[PDB]
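Okay, so here's the structure we're looking at.
Within every chain, numbering begins at 1; the chains are lettered A, B, ... in the order of the sequence lines, protein sequences first and strands thereafter.
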Number of protein chains: 2
Amino acid sequence: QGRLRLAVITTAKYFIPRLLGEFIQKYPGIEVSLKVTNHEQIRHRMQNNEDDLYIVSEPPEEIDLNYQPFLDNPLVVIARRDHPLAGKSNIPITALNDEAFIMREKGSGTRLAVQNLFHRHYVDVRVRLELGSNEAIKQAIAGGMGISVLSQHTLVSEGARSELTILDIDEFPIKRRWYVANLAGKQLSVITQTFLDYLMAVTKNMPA
Amino acid sequence: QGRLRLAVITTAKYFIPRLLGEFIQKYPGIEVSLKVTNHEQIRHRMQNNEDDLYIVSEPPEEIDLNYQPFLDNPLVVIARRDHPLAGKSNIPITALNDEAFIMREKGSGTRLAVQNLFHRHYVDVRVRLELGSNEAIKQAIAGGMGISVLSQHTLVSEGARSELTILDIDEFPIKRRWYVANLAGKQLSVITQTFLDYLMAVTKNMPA
């Protein structure tokens with residue numbers, strides 16, 4: 001028996017549940033409660049010590065954590081397939097200037113990495129939609145409301161008649177990783193420790 | 001010009017963005033910030049008066065709101081298509097007893113309606129996964145981790161080789177509606193008022 005409490009960043013909401021399936025067959029006593037949030041909300045969770053484990057791409061600055069990388073999390077430029085640059089290669093990052101660009105909510109680590117990248121490269125995009133969900137943003141792109149940068153893991157749901165496409169823009173993908181983390185020095189439960197080793201083992205040489 | 005701040009329940013994250021597309025073409029000055037949450041978190045938003053408009057299915061009890069229904073939000077039983085009851089009709093609600101059943105996070109209105117319905121009907125389900133996201137739950141069902149009850153709006157993404165199926169269980173769908181709401185007596189901005197009328201008009205006799 002036992003409860004495992006996971007908090008994960010938004011982009012891990014498909015992967016982790018799917019991994020839970022094998023895990024839970026292997027340990028039928030174990031209950032799992034999963035919270036899905038953005039990086040800002042997950043810092044608070046960590047500050048109130050709410051969970052056993054946290055999955056993050058960017059470690060919160062003011063929290064002391066142990067962690068291991070287990071999977072790449074490349075962030076890519078997504079557009080609709082009728083975009084004029086769809087299908088083109090070696091697109092300079094300068095081509096993004098003044099493009100209609102949908103942003104995630106404040107507190108998103110996705111947004112903060114895009115902002116840092118654009119600042120670093122003197123890129124100015126035209127933002128009028130701040131949409132607090134990866135799925136909302138994919139819908140907006142599909143409805144012709146612009147391009148965005150999201151985790152490539154969000155495109156795993158896209159099949160068949162997917163309107164979405166990755167633009168091969170320079171400086172992309174934003175190289176980023178998923179980490180499994182716990183409060184530094186925190187004595188981990190045996191359930192927690194078991195999941196952690198399970199996660200590390202199943203992901204060992206896995207691509208994205 | 002102007003900013004519109006929308007907070008919506010999780011199940012409205014596909015619909016509303018898609019409706020934003022026509023709206024924003026019509027008013028190119030208008031910036032829209034969208035937050036996506038569950039009912040518990042949206043009560044807090046309302047308590048701190050954070051947004052112009054709120055989309056909810058169940059009005060928070062202790063907040064005084066104006067609101068209008070604009071779209072049905074039927075909650076249905078979802079399983080994987082190899083489920084033994086997949087494809088059967090007039091399934092009594094008693095068939096749910098001891099079924100492996102994935103729940104949403106505490107604070108979900110989806111969860112509270114399922115709990116009320118099951119209590120009312122003396123149904124006990126076997127819960128070991130509490131997954132804080134509709135998408136997480138669809139992934140779990142697809143990976144054979146059980147059945148759940150979600151908004152039918154979450155199945156709009158399912159196409160092609162969808163593993164998911166609606167079980168025709170009695171007492172389902174849970175009849176529920178999306179409402180667009182604002183703090184009672186709150187003087188609405190002209191941007192806000194414009195969106196509201198736009199929403200009401202475009203949804204007027206729309207099915208689900």
Side-chain angles (χ1 to χ4, degrees), chain A residues 1 3-8 10 12-25 27-38 41 100 102-107 127-146 154 156-162, chain B residues 1 3-8 10 12-25 27-38 41 100 102-107 127-146 154 156-162:
Chain A
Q1 292 177 335
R3 183 71 81 73
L4 172 64
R5 282 168 218 72
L6 307 167
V8 311
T10 53
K13 62 167 57 173
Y14 298 100
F15 187 72
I16 291 293
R18 183 175 61 183
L19 277 206
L20 294 185
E22 193 103 6
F23 179 78
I24 294 169
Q25 293 170 325
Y27 306 95
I30 308 310
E31 303 188 343
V32 181
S33 186
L34 172 85
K35 188 80 189 176
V36 173
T37 195
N38 75 17
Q41 308 158 322
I102 304 146
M103 284 278 179
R104 283 282 304 277
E105 77 289 357
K106 290 187 184 52
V127 182
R128 288 201 299 118
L129 296 178
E130 169 176 322
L131 307 181
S133 152
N134 303 296
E135 330 291 313
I137 294 176
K138 290 189 287 168
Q139 272 297 327
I141 293 165
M145 290 162 249
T154 63
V156 175
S157 295
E158 303 306 303
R161 180 70 218 176
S162 191
Chain B
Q1 292 177 335
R3 183 71 81 73
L4 172 64
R5 282 168 218 72
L6 307 167
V8 311
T10 53
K13 62 167 57 173
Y14 298 100
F15 187 72
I16 291 293
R18 183 175 61 183
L19 277 206
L20 294 185
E22 193 103 6
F23 179 78
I24 294 169
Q25 293 170 325
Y27 306 95
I30 308 310
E31 303 188 343
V32 181
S33 186
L34 172 85
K35 188 80 189 176
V36 173
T37 195
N38 75 17
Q41 308 158 322
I102 304 146
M103 284 278 179
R104 283 282 304 277
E105 77 289 357
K106 290 187 184 52
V127 182
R128 288 201 299 118
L129 296 178
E130 169 176 322
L131 307 181
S133 152
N134 303 296
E135 330 291 313
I137 294 176
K138 290 189 287 168
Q139 272 297 327
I141 293 165
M145 290 162 249
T154 63
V156 175
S157 295
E158 303 306 303
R161 180 71 218 176
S162 191

Quick check on [X] against chain B: is it the side chain, the backbone, both or neither that has a heavy atom closer than 4.5 Å?
| X | value |
| --- | --- |
| A:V127 | backbone |
| A:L4 | neither |
| A:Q41 | side chain |
| A:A160 | side chain |

Select, from [options], the one with the greatest count of heavy-atom pairs under 4.5 Å involving chain A.
| options | result |
| --- | --- |
| B:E135, B:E31, B:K35 | B:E135 |
| B:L34, B:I30, B:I16 | B:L34 |
| B:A136, B:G29, B:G21 | B:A136 |
| B:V32, B:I102, B:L6 | B:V32 |

Can you name the closest pair of heavy atoms from [X] and [Y] and give their distance?
| X | Y | answer |
| --- | --- | --- |
| A:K138 | A:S157 | NZ-CB, 4.1 Å |
| B:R128 | A:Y27 | NH1-O, 3.7 Å |
| A:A100 | A:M145 | CB-O, 4.0 Å |
| A:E105 | A:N38 | OE2-ND2, 2.8 Å |

Option in A:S33, A:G143, A:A142, A:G144 with maximal non-hydrogen atom pairs under 4.5 Å from chain B: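 Most heavy-atom pairs under 4.5 Å with chain B: A:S33.
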Side-chain H-bond candidate by donor/acceptor type, A:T10 with A:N134, under 3.5 Å: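 Side chains of A:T10 and A:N134: pair found under 3.5 Å.
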Check against side-chain contact (heavy atoms from CB on, under 4.5 Å), A:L131 and B:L20: CA-CA 11 Å; A:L131 307 181; B:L20 294 185; 4.1 Å; yes
Nearest-0.5 Å distance, NZ of residue A:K13 to CD1 of residue B:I137: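 With rounding to 0.5 Å, NZ (A:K13) is 11.0 Å from CD1 (B:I137).
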